[PDB]
Amino acid sequence: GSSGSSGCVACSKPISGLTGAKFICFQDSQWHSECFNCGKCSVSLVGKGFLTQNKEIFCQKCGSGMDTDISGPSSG
Ligand SMILES: [Zn+2]
Ligand SMILES: [Zn+2]
């Protein structure tokens, strides 16, 4: 996206380019190590495998899309 610059999606600070910092590039957006985590709990996703549903980033346990039943997790 050559139209402008940006900062860490999680804090908007300007990333120190390729100066040697530890960063992640997901969907061309910028994330820092300390800012890469499960949206539902904040556990660091740096190391562990992450999940992506509804464009959101979650941990395995939280994103466990178990095909339990077609009723239960709804108003009933
Ligand atoms: Zn940050
Ligand atoms: Zn979680």
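Those letters in the sequence shown? Residues 1 to 76, by the deposited numbering. By construction, the Cβ of each residue, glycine as well, lies at the ideal position given by its N, Cα and C atoms.
Three-way DSSP call (helix, strand, coil) for residue i in this model
i, result
"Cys-25", "strand"
"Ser-33", "helix"
"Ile-57", "strand"
"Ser-12", "coil"
"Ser-42", "coil"
Reference residue i; option with closest CA among the options
i, options, result
"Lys-61", "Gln-30, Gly-49 and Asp-69", "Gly-49"
"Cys-38", "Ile-15, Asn-54, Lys-22 and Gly-63", "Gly-63"
Neighbourhood of residue i by C-beta distance below 8 Å, restricted to the same chain and skipping five residues each side
i, result
"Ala-21", "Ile-15 and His-32"
Identified DSSP bridge partners for residue i
i, result
"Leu-51", "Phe-58"
Contact set for residue i: own chain, Cβ-Cβ below 7 Å, skip 5 residues either direction
i, result
"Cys-35", "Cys-8, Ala-10 and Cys-11"
"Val-46", "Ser-33 and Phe-36"
Residues near residue i by beta carbon distance below 6 Å, same chain, minus five either side
i, result
"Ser-29", "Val-9"
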